[PDB]
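# Topology and contacts: notes
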There are 2 protein chains.
Amino acid sequence: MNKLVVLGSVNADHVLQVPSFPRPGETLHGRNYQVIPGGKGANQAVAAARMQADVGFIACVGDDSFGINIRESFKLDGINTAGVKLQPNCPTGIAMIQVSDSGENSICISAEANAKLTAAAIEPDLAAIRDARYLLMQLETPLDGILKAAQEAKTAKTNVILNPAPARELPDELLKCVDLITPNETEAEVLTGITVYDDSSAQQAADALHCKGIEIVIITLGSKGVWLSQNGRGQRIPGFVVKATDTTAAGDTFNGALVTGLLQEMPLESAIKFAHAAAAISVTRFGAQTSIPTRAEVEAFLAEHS
Amino acid sequence: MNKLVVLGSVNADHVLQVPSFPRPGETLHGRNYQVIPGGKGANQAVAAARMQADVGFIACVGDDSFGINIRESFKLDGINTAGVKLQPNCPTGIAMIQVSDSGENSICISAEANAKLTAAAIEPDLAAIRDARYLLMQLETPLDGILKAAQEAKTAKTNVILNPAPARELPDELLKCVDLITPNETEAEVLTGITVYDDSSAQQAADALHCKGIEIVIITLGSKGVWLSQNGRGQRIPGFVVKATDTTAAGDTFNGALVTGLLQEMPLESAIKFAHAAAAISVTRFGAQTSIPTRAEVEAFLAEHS
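Attention in this report is confined to the structure presented alongside it. (Residues numbered from 1 in each chain as written, not as in the entry; some residues may be left out. Chains lettered and ligands numbered in written order. Heavy atoms only, no water.)

## Structural notes on helix α4 (residues 143-154) of chain A
All names here are of chain A. The condition is simple: Working definition: helices are DSSP H or I runs of at least four residues, strands are E runs of at least two. Numbering for both runs from the N terminus. To estimate the expected span of a helix, count its residues, drop one, and scale the result by 1.5 Å. Residue exposure (1.4 Å probe, protein chains only): buried if accessible area is under 20% of the type maximum, exposed if over 50%, otherwise partly exposed. Within this analysis, the arc is defined by the directions that extend from the helix axis to the C-beta atoms. In what follows, a contact means two residues having at least one pair of non-hydrogen atoms within 4.5 Å.
Given a rise of 1.5 Å per residue, 12 residues ought to cover 16 Å, and the 16 Å separating the end C-alpha atoms of α4 matches this to within 8%. Taken together, the buried positions of α4 are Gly145, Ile146, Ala149, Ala150, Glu152 and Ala153. Within α4, the buried residues cover an arc of 170° as seen down the axis, which keeps them to one side. Tucked inside the fold, the buried residues of α4 contact β1 (4-8), α3 (126-131), β8 (136-137) and α5 (172-175).

Next up, the structure:
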C-alpha cells in the first residue's frame, strides 16, 4: 500500500494569446494556443512525487481522451493513480484565459469533472486514507468530499494538510480536523478577516486560526517569508533573494514540497527551507508541471546556497 | 478519384457557458463546457458526406488528440482523408465561444493549423482538384491558398463554388475564377458596396459580382429566403416555413447540400430548394456539427412538404 495521499482537482488550462480584450458582438483572432495541465491537487502531487515520495492521488477526471492523457502522465511521475477515477461523459476541469498581453488576464474557469469529488465518491479510498501517514488537500474540490477525507483520517489518526487556495471560507467543524494550514496573505484574510502585512498582524491571524483546532499555521507571506506558528509560536523565514519568474505552481510546489519534507522525518523549519528551495528554483522556471524541480535539484540547490 | 472536392477550415469549438460577460481582473466559475467539432470547410464536407456524395477533404489539422481523432472520425463518415494534411508540433484551430447566460456572446477564434493551407501546400492536391467536377471552398484559411486552388481548378474544367464565409473584402484576379457565388447581406457590402435588403437592391450588388466575373449569384438571407441572380434573370425563393437556432451549421448545411445537388445533375433551380430543406432541418437541431441530418431524413422531409 501507500503512505502519502493527495486529494484534489486535476484540470487543463487552455491558453491562447489575443491582441486585446473582448466585448459583445465580434470575435478575436488568437495566437500561440497551448494546453498546460494544471489544478492544485495535480500540481501539489507531481510536486511531491518528483521528490520520490510514497504518494497516492485522489482526484476526478473525465473520459475526454485528455482526462486519460493525464491519468498516465501522472502514474509515470511516481504517483499511484488508484484513486484518480474516470468520470464517464464528464470532461476534466478547464480554464479559458484570453490574454492581455495588452493588460490583465480574463479567466473563465469550469470545474466540470472535479465536481464529482464527493463523500460517497471516495468510500473505497478511505482504506488508503487511514493506512496513510498523511493527507494533502486544497479547495478546488467540493467540501462535501474534502470533508469525509479529513474525518476518515483524524479518527484513525493521520495528520491532515489544507491549502486554503483557492481562497474561500470554511466551516469550523473542518478546520478542527486540519493539522496545519498554509494560506496566502490575500486568501488567509477571508478565513479570519485579518489583513496580513507585517509581523505583528501576521501573528493575530494564527491565534484566530489556531483557536479553530489547528496545530500549525504557516501563512505564506510571499516575497519575504513563511510565517510559522506551532500553537502561537510565530516566527519568520526570510525566503530567497533570487530572480523571479511567473506565478504558476510556486505555491503549488512549495506546498507540494513542504509535505515531502515531513514524510522524511524532517522538522518543519528544515522543510520550509527545503520547500522554499523548490519555491525558489522553479520560480526561475515556468509553465506548471514544467516548473517543478527534482530531488537531485533542490538538494543540490540547498548545497549551492549557504 | 472523388467527384466533389471541399477546401476549407477545421475548428474545435470550446463552448462554456458563462454567467457574466468577461471583464478584466478576477476569474469566473462557468459551467457545462462542450467541445463541438466545427469549421466551415469541415461542416460542409461533413454535410456533403451526409447526403451520400463522393467528397474528399483538403484541410489542415494538428498533432492534437483531436486533429487525429477527427481525421479518423471523418472516414467513419465516408470521407476521402487524402488531402487532410496533418500538422506536426501544431494544434488545430479553435473557437473559444463564451456564452453569457445571457446578454451577448464571446466567440474567440484562433489561427493554428488553418494556415498551413498555402498555395504551396496543396500542390500534390492538384491531382485531386483537377479531375474532380466541383470545388467547394470558403474564407477561413489563407487567401493565397485558395487563389491557386481556384485557377488550376478552372484550367482543368473543374467547377468552383465560393462560399465567401466569413465575410471579407477580396481582390479580383480570383473572382474571375469563380463559377458560382453564395453571399448574404453582410457579405455583399464588403465586395459590391451595396447594403442590399430587398429585390431592387439585390439585383444591383449581384451585377457587381457579374462585373467581377461571377455568373450564378445566390444571396441567402436566412429568414426571408434567397435571392438568386443568374445573369440578371433573377428571382426570390422562400426557404421553408421555419426558423434558425444553431445557424452555425445552417449556412454550412445549405452550402454542403447545394453543391451535393448540382453534382447529381439536379437543375440549379431545384438544388437551392434541396439545401433549403437540410438547413431547415439542421437549424432545428441544438448543437453545431451535430445539427446535420441524414439524406433519407432530408429526402423524406421533402415529400412531407411542397
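## Considerations on the relation of the copies chain B and chain A
Look at the two chain copies: a rotation about an axis and a shift along it is all it takes to match them. In plain terms, the rule: A least-squares fit, run on the C-alpha atoms, superposes the copies.
For these two chains of identical sequence, chain B goes onto chain A by a turn of 178° and a shift of 0.2 Å along the axis, with RMSD 1.0 Å. Seen this way, the second copy is the image of the first under a two-fold rotation axis. Measuring from the rotation axis to each C-alpha of chain B, the shortest distance belongs to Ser65(B), at 3.2 Å. Most of the interface of chain B is mirrored in chain A, where 97% of its interface residues are also at the interface.

## Concerning the packing of helix α9 (residues 268-281) of chain A against helix α10 (residues 295-304) of chain A
All names here are of chain A. Using the following cut-off: Where helices are involved, their axes are fitted lines through C-alpha atoms of the stretch in contact, as for all axes, and angles between N-to-C directions lie from 0 to 180°. Oblique is the label for any angle not under 35 degrees, not over 145, and not in the 65 to 115 range, which are roughly parallel, roughly antiparallel and roughly perpendicular in turn. All residues other than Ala, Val, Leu, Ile, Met, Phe, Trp, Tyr, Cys, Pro, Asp, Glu, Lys and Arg, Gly among them, are scored as polar; the first ten of these are nonpolar and the last four charged.
The interhelical angle for the contact between α9 and α10, taken along N-to-C directions, is 105°, at an axis separation of 9 Å. With respect to their mutual orientation, α9 and α10 come out roughly perpendicular. On α10, the residues touching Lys273, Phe274, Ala277, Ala278, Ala280 and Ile281 of α9 are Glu297, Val298, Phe301 and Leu302. Taken together, the residues that form the contact of α9 with α10 break down as 8 nonpolar, no polar and 2 charged.

## Notes on the interface of chain B and chain A
Convention followed: In this description, buried area is defined as the sum, over both parts, of the accessible area (probe of 1.4 Å) that is lost when the two are combined. Salt bridges, as used here, are contacts in which a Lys or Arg side-chain nitrogen is within 4 Å of a carboxyl oxygen on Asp or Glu. Whenever a nitrogen or oxygen atom comes within 3.5 Å of another N or O atom, the pair is scored as a polar contact, on the condition that within protein one atom can donate a hydrogen and the other can accept it, and that pairs from neighbouring residues in sequence are kept only if both atoms are in side chains. For two strands to count as paired, DSSP must find a minimum of two bridges between them.
Tallying the contact residues gives 30 residues for chain B and 30 residues for chain A. For the pair chain B and chain A, the summed buried surface comes to about 2300 Å²; carbon and sulfur atoms form 64% of the total. If you sort the residues of chain B by the area they bury against chain A, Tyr33(B), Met96(B) and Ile109(B) come out on top, with a joint share of 22%. Taken together, chain B and chain A are joined by 0 salt bridges. The tally of links from chain B across to chain A stands at 12 residue pairs in polar contact. Split into classes, the residues belonging to the side of chain B that touches chain A amount to 14 nonpolar, 11 polar and 5 charged. Both strand β3 (residues 28-38) of chain A and strand β7 (residues 106-110) of chain B contribute to a ladder of 3 bridges, which runs parallel. Of the residues in β7(B), the one forming a bridge with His29(A) is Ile109(B).

## Quick word on the pairing of strand β11 (residues 216-221) of chain B
Residues and elements named next belong to chain B. Extensive coverage of β11 is indicated by the burial of 6 of its 6 residues. Residues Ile216, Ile218 and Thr220 line one face of β11 and the alternating positions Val217, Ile219 and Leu221 line the opposite face, and both faces are buried. By the bridge criterion, 2 bridges tie strand β10 (residues 180-181) to β11 in an arrangement that is parallel. Note on β11: the bridge partner recorded for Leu180 is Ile216. Bridge analysis of β11 against strand β12 (residues 225-230) gives 4 bridges, and the strand direction is antiparallel. Residue pairing across strands places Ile219 opposite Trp227, the latter belonging to β12. Adjacent in sequence and paired antiparallel, β11 and β12 are bridged by 3 residues.

## Notes on helix α7 (residues 199-210) of chain A
Residues and elements named next belong to chain A. The end-to-end C-alpha distance of α7, which contains 12 residues, comes to 17 Å, matching closely the 16 Å that a straight helix rising 1.5 Å per residue would cover. Within α7, the full set of buried residues consists of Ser201, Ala202, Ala205, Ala206, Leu209 and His210. Contacts from the buried residues of α7 go to α6 (185-192), β10 (219-220) and β11 (226-227).

## Things to note about the pattern of salt bridges
Applying the stated criterion to the full structure yields 15 salt bridges over all chains. Among the salt bridges present, the one from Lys148(A) reaches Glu152(A), with a minimum N-O distance of 3.9 Å. Here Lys148(A) and its partner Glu152(A) are both found in helix α4, 4 residues apart, which amounts to about one turn of the helix. In this structure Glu152(A) comes out as buried when scored by relative accessible area, which is 15%. With its nearest N and O atoms 3.9 Å apart, the salt bridge here joins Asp172(B) to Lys212(B).

## Here's the deal with the sheet that holds strand β6 (residues 93-98) of chain A
Ordered by their spatial adjacency, 8 strands build an open sheet running β7(A)-β6(A)-β2(A)-β3(A)-β7(B)-β6(B)-β2(B)-β3(B), and the pairing between neighbours is mixed. Since the sheet does not close on itself, it has two edges, and those belong to β7 (106-110) of chain A together with β3 (31-38) of chain B, each with one partner. Each strand axis lies, on average, 25° off the axis of its neighbour in the sheet, ignoring direction. Two strands pair when backbone bridges link them, and β6(A) and β7(A) are joined in this way by 5 bridges, in the antiparallel orientation. The residue bridging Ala95(A) from the neighbouring strand is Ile109(A), located in β7(A).

## Some points on the environment of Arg233(A)
All names here are of chain A. When you line up the elements, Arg233 lands in the loop between β11 and α8 (251-263). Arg233 sits 193 residues away from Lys40 along the chain, and the two C-alpha atoms are 28 Å apart. A polar side-chain atom of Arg233 sits 2.4 Å from the main-chain carbonyl oxygen of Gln230.

## Section: the environment of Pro164(B)
Residue and element names in this part refer to chain B. On the secondary structure map, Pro164 appears in the loop between β9 (159-162) and β10. Take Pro164: its relative accessible area is 0%, and that puts it in the buried class. Remark: the alpha-carbon pair of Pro164 and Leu139, spanning 25 residues in sequence, is separated by 5.6 Å. The contact partners of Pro164, leaving out residues within four places of it in the chain, are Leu139, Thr182, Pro183 and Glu187.

## Here we look at the sheet that holds strand β4 (residues 55-60) of chain B
Whether parallel or antiparallel, the strands of a sheet pair through hydrogen bonds between backbone atoms. All names here are of chain B. An order of β5-β4-β1-β8-β9-β10-β11-β12-β13 is seen for the 9 strands of this open sheet, with the pairing classed as mixed. In the strand order of this sheet, the two ends are held by β5 (84-85) and β13 (233-237), each with one partner. The sheet strands contacting helix α7 (residues 250-263) are β1 (4-7), β8 (134-137), β9, β10, β11 and β12, and the helix crosses β8 at an angle near 175°. Packed on one face of the sheet, helix α8 (residues 268-282) meets β11, β12 and β13 and runs near 160° to β12.

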